[PDB]
């Protein structure tokens, strides 16, 4: 005789209205192989979950055993002592299968505080009919995009690209395209203001000045979706969360008119920012052993496969992409090449705080107030102020 896992595992899930029934069933499925564990599923709106978790942990009461953690939230929560370390625990038993970026997002200062669940990124969406009418290939770089945009405008009147100007996550493809990045964690050095960062601010302004792209200082989500759905532009950069809305658009009655490609390269690189979700164990959990097993189960190939089949979320396990029903999934077909271009975030406590300086400076570049060099300098200065021990 051996004892079985027992006790309670409270799981806080942040999945949306359409996803939560499936995720509750998957979570409760843990009880099939562990009937003495009581899984208590709770859905927490994603935009409320970070604060709710911090408040419960900080009050030493009512915190879940297992928390669904956005990729940036791993370092956020670990940096304030709220996550159990998972190295040398049974939680990590499924190991090298994960996409490297997804694995990396689970680590904070040399320890593992999560297991990967799903990944996403930004990608270049394109109107196939407008590109076909114009005679152009999907552009693979900013230089190619400028040329393609001019052909699209001449032939069809549409602008090539809607460049999202009011949300800093959409700056990152341009930064990565110039071979740049926000910080060098290893050397505790701010890098957003090196020449690659200056060039990235220059690229976005050039795209608009040259008429390859249009943008807006406000309401950028709606403006971008309306422009792309209507054919005012032929291209936009966006994520999986946009697909259903695009399919409701007037130029996409035939979903076969939508193409998705990786974001374009810049002069010295190519990459798109990384999103997604992991699973973490609360540091103060009274049921660590069952929680380790629960996150292993929810991160497992079997569960990742079911998640894609039911919800079309993108797996982190390389093996799962070889499952026929996964390989032919609409979202996997649209996004896997883009996911191969994902670039890791800086996995630091202040990762999310790095976005606001970009938002402000990119806005000021696009309105003409601030030059690329001053924008990059301002971004770097704000980072040095936020990151007191970085050079």
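Numbering follows the first chain given and starts at 1.
- Of the two stretches examined, 354 to 362 and 322 to 330, the record assigns the greater average C-alpha temperature factor to 322 to 330.
- When the mean C-alpha temperature factors of 229 to 237 and 249 to 257 are read from the deposited coordinates, 249 to 257 comes out higher.
- The entry assigns its greatest Cα B factor, within the set 128, 199, 98, 205, to 98.
- Listed residues 296, 164, 133, 146 were ranked by CA B-factor as deposited; 133 comes out on top.
- Per-chain ranking of the deposited C-alpha B factor places residue 176 in the lowest third.
- In the deposited entry, the Cα temperature factor of residue 209 places it in the middle third of its chain's modelled residues.
- In the PDB entry, a CA B factor belonging to the lowest third of its chain's modelled residues is recorded for residue 66.
- Per the PDB record, residue ranking by Cα B-factor puts residue 138 in the highest third of the chain.
- When the modelled residues of the chain are ordered by C-alpha B-factor, residue 120 sits in the lowest third.
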